[PDB]
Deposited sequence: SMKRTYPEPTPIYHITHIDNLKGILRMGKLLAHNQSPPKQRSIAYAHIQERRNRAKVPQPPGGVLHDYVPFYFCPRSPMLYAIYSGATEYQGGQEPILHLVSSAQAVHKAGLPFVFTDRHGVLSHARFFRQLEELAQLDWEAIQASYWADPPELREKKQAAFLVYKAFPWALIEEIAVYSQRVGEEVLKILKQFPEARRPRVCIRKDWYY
């Protein structure tokens, strides 16, 4: 498995002020003050609960979820340009002492496997996760959506990089970061190769 093991959370730039003000991402069930959601299940490892009790990450950028945004398949119609990739690592979460679990596919699938030890990152399909071509077979899309789940909240200061589609969005991100001079200022990188 890649070490450190990057984890990616995609979110609309309109959510960044709320993340910086709270100093964290909040799990769905912890009522984040979201401005845009990009939406179109029990967790059997401790600390248990359901998927929406965790802040979720993928193990790749340019995810199938981002393709659904790009293709207008979400209720959200603003497309990929305003969507940030927030980058951290699985090892940082462990080092910070935060409870996590991770899956080998979307956890709602009956055959989904759940893990809580970093050595079990070997159980994931890294061919699917890292694939640039994932149209067929259908299982590639499923296994590409392996997720890293952090219970209840994810501190902003674990984010190492904000990746953006364009110069204009990179500049907007820096304007927002400068409104919270106490908040960690990660590097901001234009990564067109992480988008469609």
| property | result |
| --- | --- |
| Stretches with no C-alpha position, numbering per deposited sequence from 1 | 1-5, 46-54 |
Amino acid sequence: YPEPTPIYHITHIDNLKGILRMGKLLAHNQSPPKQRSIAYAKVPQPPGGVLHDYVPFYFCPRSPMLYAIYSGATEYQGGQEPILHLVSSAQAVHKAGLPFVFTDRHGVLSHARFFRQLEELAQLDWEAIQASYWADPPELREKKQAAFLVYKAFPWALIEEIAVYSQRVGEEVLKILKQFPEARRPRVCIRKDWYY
From here on, numbers count along this sequence of modelled residues.
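Superpose the two forms; the largest set of C-alphas matching within 1.5 Å is the rigid core.
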item: Divergent stretch in 5 other deposited structures of this protein, 103-111 or 122-130 [C-alpha RMS, superposed by the core]; value: 103-111
item: Core-fitted comparison in 5 other deposited structures of this protein, 52-60 vs 135-143, farther C-alphas; value: 135-143
item: 79-87 or 108-116, whichever carries the higher mean Cα B-factor; value: 108-116
item: Given 12-20 and 184-192, the range whose Cα B-factors average higher in the PDB entry; value: 184-192
item: C-alpha B-factor winner, where the candidates are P155, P56, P137, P64; value: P137
item: Most elevated Cα B-factor in the entry, residues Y133, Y151, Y70, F148; value: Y133
item: Chain third (lowest, middle, highest) by recorded CA B-factor, residue given as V164; value: lowest
item: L51, C-alpha B-factor rank within chain (lowest, middle or highest third); value: middle
item: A41 - Cα temperature factor, lowest/middle/highest third of chain; value: highest
